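The chain below stands alone and is given in structure tokens; this is the form deposited in one PDB entry.
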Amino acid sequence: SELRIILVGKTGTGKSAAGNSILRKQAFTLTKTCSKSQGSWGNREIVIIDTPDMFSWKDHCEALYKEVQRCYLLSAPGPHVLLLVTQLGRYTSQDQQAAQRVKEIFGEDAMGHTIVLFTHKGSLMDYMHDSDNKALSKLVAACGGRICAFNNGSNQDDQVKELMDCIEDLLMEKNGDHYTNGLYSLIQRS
């Protein structure tokens, strides 16, 4: 009864650190390859697939295509949730590019399983309300307003609980179904 999470985001958002917080272990310099770590939270078995920083970059190369294939192989038969990790008050073209790559790598429908994570160091809804960023508003609306703040002990357990609550809410809405596409179906036959 595993829960598969794909971490996506630009360099310096603390993507790997958020994965280590969820698994409560050192499960995961630039991230150059996909990594997979297994852990738990409560009664739940959690599988996290960390992706390279280059997923958020503009260009393409052999390594990118290879890592898209590993991501698919490591997250097969599909992710339950895609965590788009971004930094509070610092949503730039690089974050827009990372969001766009989620749609290009997994299909437009992947946004239906995406939660936007806001890393920093109620109060989040206060900043969103006054946000003058048209691109960020477009992303949050595309992710059905599924947003969660995250500061990267007790306070750490609380923000994981907050995020696990978002994830569970999405899962309940999806009746526990993971996201899938034609490439996942192709892997499943081969």
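We number the residues from 1 along the sequence you see. Here, rigid core means the biggest group of C-alpha atoms that superpose within 1.5 Å across both forms.
**Student:** For residue 4, do at least a third of the other compared PDB entries give no atomic coordinates?
**Tutor:** No: coordinates for residue 4 present in every compared entry.
**Student:** Tell whether, across the other compared PDB entries, at least a third have no coordinates for residue 185.
**Tutor:** No, none of the compared structures omit it.
**Student:** Do any residues of the deposited sequence lie unmodelled between residue 129 and residue 130, and which range holds their number: none, 1 to 3, 4 to 9, or 10 or more?
**Tutor:** Nothing is missing between them.
**Student:** Might you work out how many residues are unmodelled in the deposited sequence between residue 28 and residue 29, and answer none, 1 to 3, 4 to 9, or 10 or more?
**Tutor:** Missing residues, residue 28 to residue 29: 4 to 9.
**Student:** Mind pulling up the entry and telling me whether 48-56 or 155-163 has the higher mean Cα temperature factor?
**Tutor:** Result: 155-163.
**Student:** From 43, 137, 69, 35, pick the one with the largest CA B-factor in the entry?
**Tutor:** Comparing C-alpha B-factors across 43, 137, 69, 35, the top value belongs to 43.
**Student:** Taking the chain's C-alpha temperature factors as the reference, tell me which third residue 183 falls into: lowest, middle or highest.
**Tutor:** Answer is middle: the recorded C-alpha B-factor places it there.
**Student:** Where does residue 10 sit by CA temperature factor within its chain: lowest, middle or highest third?
**Tutor:** It belongs to the lowest third of the chain when residues are ordered by C-alpha B-factor.
**Student:** Lowest, middle or highest third: which one holds residue 142 when the chain's residues are ordered by CA B-factor from the entry?
**Tutor:** Bottom third by C-alpha B-factor.
**Student:** Where does the C-alpha B-factor of residue 125 rank in its chain, lowest, middle or highest third?
**Tutor:** Top third by C-alpha B-factor.
Form deposited in another entry: not shown, discussed below.
**Student:** Go through 140, 54, 47, 128 and flag the only one whose CA is off by 2 Å or more between the shown form and the other one, rigid core held fixed.
**Tutor:** With the rigid core fitted, the residue that moves is 54.
**Student:** I want to verify one pair: residue 183 and residue 60. Are their C-alpha atoms nearer or more distant in the other form compared with the form I supplied, knowing the change is 3 Å or more?
**Tutor:** Farther apart, which means the C-alphas of residue 183 and residue 60 are at least 3 Å more distant in the other form.
**Student:** Since the Cα separation of residue 60 and residue 104 moves by 3 Å or more in the other form, tell me which way: closer or farther than here.
**Tutor:** It is farther: the C-alpha separation of residue 60 and residue 104 rises by at least 3 Å in the other form.
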